[PDB]
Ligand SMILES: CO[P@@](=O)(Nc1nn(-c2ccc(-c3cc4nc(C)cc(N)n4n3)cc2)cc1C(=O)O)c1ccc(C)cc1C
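Taking the form deposited without this ligand, here's one chain by itself in structure tokens.
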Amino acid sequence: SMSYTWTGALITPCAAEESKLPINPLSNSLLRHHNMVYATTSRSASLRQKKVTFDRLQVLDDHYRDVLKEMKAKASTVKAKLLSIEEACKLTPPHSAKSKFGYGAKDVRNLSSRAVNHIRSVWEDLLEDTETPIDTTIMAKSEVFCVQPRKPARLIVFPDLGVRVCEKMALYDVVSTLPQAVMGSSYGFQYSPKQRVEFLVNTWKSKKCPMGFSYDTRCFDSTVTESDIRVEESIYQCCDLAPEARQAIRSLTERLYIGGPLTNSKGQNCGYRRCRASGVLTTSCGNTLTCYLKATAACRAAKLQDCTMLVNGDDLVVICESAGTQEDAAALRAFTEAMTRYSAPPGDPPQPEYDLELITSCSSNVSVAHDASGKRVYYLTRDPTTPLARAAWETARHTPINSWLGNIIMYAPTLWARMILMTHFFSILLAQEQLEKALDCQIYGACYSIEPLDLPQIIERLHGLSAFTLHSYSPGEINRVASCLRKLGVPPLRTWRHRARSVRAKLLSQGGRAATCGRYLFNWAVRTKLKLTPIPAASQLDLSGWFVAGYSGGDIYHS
């Protein structure tokens, strides 16, 4: 069937859309080529619609069915609990889109009588009506990028606030627990950046002669078929569930997940969806299971030997035993045709790689550096172009989500995050005296309220003390970073080093937590280093649940 059908009505904005980077002194000291930075808007929506609209092709075989049964056998060991209304309301982000029925996220979190009453009726309706398509809003997503040597806006589809709360009740425990039980070490969202690097490296070292590749499915969500979503539900149904949860899952599958009507911001009928919706609770879990299922069966069809896969939603990386240059290229080609029959055709053609560092998965690649003792340490990094473009944007315009904060946390060990992001933002935070003000950021899709002054402990716990002492980075990484800075008009690293010394001093002057940031975050700045010892209040922090599951588009907030 067609992934989408359109009536002709437009995907509209619900307010003015900013597309260009302003000329601001604060952002200009970070990035001068302000004209190279842009944000996507609804104006490019028709271009995206055209790309995600097509008839799907899907042929299932024995390999597919064997793998499905194996996954279900593992899912059979799970017992998922129904979340209470209170627990589900607490998982709702303070700024989540308000319901069109007279209440908002704040009311949901406060458990107001109106929000609670509407949520109960929505839940009851899910138990009674097993067929009626639930409405969804379709919007053009606003994302920042650097011009290429432009990208059309991604399309987000989500249901009303009341429905999102019910999804949590019926499926939160499932999507946070089932992937792990089914996929084991292959489930990517269970790893912190350090654990992910460790997994990739150990897996690479375990092979006699490793070969690996990332596999890019062209617009994954639109390739998800009605059958894929029903197979996905068949897996969830293997869990021990409360009667109402089982019905809720059955109803939500037929009424929301397999598809439904699309309504624009103006309340007009935009069309119909018969593929994965980006903004529902099961998107991350569902995409991971579907991608893992198809890739696993595809590997067998392709005769790939000793495969170890790592899946994060639609992002897939595979490491296996090489059978020779020609044999690998042909086997990879067969793998791609197998995935194509499964309705997972390639965007960028996959290429076999024999150097772990040349593989990009989850937008990252493994690289090497050295700690104080000169010992080699692997870490995750990436081309800093987008992170820097977004950092400049979030500096000039106040944004709800602070990607720069998430990047510092996730890429703390990298040359660019330490010398540029940390330096740039602490400088501004010091100047505006907002070092203690908490800010929102996202980690694996979930929203986190974090205080800049807690970064040292967070980084230690997540990456280890070596994150504050890495040096002697690889020439390729350095060159990639340097090339990026010249392209965007970002001052050279030497300038950042000089700015960091000034920031570090101001931090040390204030003492307390502020001074701790100076000692650990900027120890790379001073020639006469300080012996860095484990941070006291670090081993106490509650990072439980930080890296357990993916929730992209799931509307999840963690307190």
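The term rigid core refers to the most C-alpha atoms you can superpose between the two forms while keeping them within 1.5 Å. Shifts are known only where both forms have a C-alpha. From 1 onward, residues are counted along the sequence shown.
One more form of this protein should be noted, the form deposited with this ligand bound, which is absent from this view; the next part is about it.
The binding site of this unliganded chain is blocked: after this ligand is superimposed from its pose in the deposited complex, three or more of its atoms come within 2.4 Å of the backbone or C-beta atoms. Heavy atoms of every residue among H471, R486 and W496 are located within 4.5 Å of this ligand in the deposited complex. This ligand in the deposited complex comes within 4.5 Å of a heavy atom belonging to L415.
Shown alone here, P492 lies within 4.5 Å of this ligand in the deposited complex, counting heavy atoms only.
Proximity of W524 to this ligand in the deposited complex: non-hydrogen atoms within 4.5 Å are present.
Taking non-hydrogen atoms only, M419 approaches this ligand to within 4.5 angstroms in the deposited complex.
Checking 227-235, 116-124, 295-303, 475-483 against this ligand in the deposited complex, the stretch whose residues place heavy atoms within 4.5 Å of it is 475-483.
In summary, among the residues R43, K506, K529, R56, the only one with a non-hydrogen atom within 4.5 Å of this ligand in the deposited complex is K529.
Residues present in both forms were considered; between this form and the one not shown, the rigid-core fit shows Cα displacements of 2 Å or more across three or more consecutive positions only at 23-26.
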